[PDB]
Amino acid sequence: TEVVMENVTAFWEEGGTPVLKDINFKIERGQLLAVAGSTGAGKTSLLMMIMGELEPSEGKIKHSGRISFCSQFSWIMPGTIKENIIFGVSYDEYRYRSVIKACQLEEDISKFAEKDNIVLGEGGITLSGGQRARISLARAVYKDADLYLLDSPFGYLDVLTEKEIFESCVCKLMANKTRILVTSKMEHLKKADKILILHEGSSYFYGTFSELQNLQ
């Protein structure tokens, strides 16, 4: 198993209400967990616990190895688009091209005379929200890691572009990788190995899409 939570309860503040309550799941190496639920349900907090920023008050957690985290808030640092995507990681042409293709950024980049050397975050180019999200996703996917934590990475994308990048990036390019994707979209839950739906800190549902089907 790559990630386990067993009976996990946690608090951001002593004597507050728990942000996560008796949470249980298991991800095997290479699987995809979809994490869903309304705003404030505790999804990002769950990722924060995996990254060691929040410790459990009850329960046990297992995870090992390097993490790559894609925030739900996309961000750019001053530098070229290539520098923003590799972001201090060693460069490989094939790997870089595979990521930007999977994130549909080849189309955007091809339109600039400077191509991958277009400068971001320095007042010149103003990127759309969807561009900034795809760049932030590409950065997280380019990093080599054992566990990918993708927190609602499809911000500002139309539903078809989201579907295409979910398939090309999360399902195909990252097929061998252990992935936790915070998402509410039906196809993402359907293709996930496991689904965890949170509501106000609690496990609303945990299982497979097919199991949820059989309750209807």
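Note that residue numbering begins at 1 and tracks the sequence as displayed. Note that the rigid core is defined as the largest set of C-alphas that superpose within 1.5 Å between two forms.
Participant: Please indicate which stretch deviates more in 7 other deposited structures of this protein: 116-124 or 89-97, judged by C-alpha RMS distance after a core superposition?
Facilitator: Comparing 89-97 with 116-124, the one that moves more in 7 other deposited structures of this protein is 116-124.
Participant: For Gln216, do at least a third of the other compared PDB entries give no atomic coordinates?
Facilitator: Yes, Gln216 lacks coordinates in at least a third of the other entries compared.
Participant: Should the higher mean CA B-factor in the entry be assigned to 6-14 or to 204-212?
Facilitator: For C-alpha atoms only, the mean B-factor is higher in 6-14.
Participant: Averaged over C-alpha atoms, is the B-factor higher for 56-64 or for 170-178 in this PDB entry?
Facilitator: Going by the record's values, the stretch with the higher mean is 56-64.
Participant: Given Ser98, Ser90, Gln104, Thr80, identify the residue with the highest C-alpha B factor in the PDB entry.
Facilitator: Answer for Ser98, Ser90, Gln104, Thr80: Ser90, with the highest C-alpha B-factor.
Participant: Between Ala36, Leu147, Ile27, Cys70, which one tops the list for Cα B-factor in this entry?
Facilitator: By C-alpha B-factor in the record, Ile27 ranks first.
Participant: Quick one: classify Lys143 as lowest, middle or highest third of the chain based on its Cα B-factor.
Facilitator: Ranked within chain, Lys143 CA B lands in the middle tercile.
Participant: Ordered by C-alpha B-factor within the chain, which third holds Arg132? Give me lowest, middle or highest, please.
Facilitator: It belongs to the middle third of the chain when residues are ordered by C-alpha B-factor.
Participant: Could you say whether, by C-alpha temperature factor, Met51 belongs to the lowest, middle or highest third of its chain?
Facilitator: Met51: CA B-factor falls in the highest third of its chain.
Participant: Looking at the entry's B-factor column for C-alpha atoms only, identify whether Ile125 ranks in the lowest, middle or highest third of its chain.
Facilitator: CA B-factor rank for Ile125: highest third.
Participant: Ranked by Cα temperature factor within the chain, is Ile76 in the lowest third, the middle third or the highest third?
Facilitator: Within its chain, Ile76 is a middle-third residue by C-alpha B-factor, going by the deposited values.
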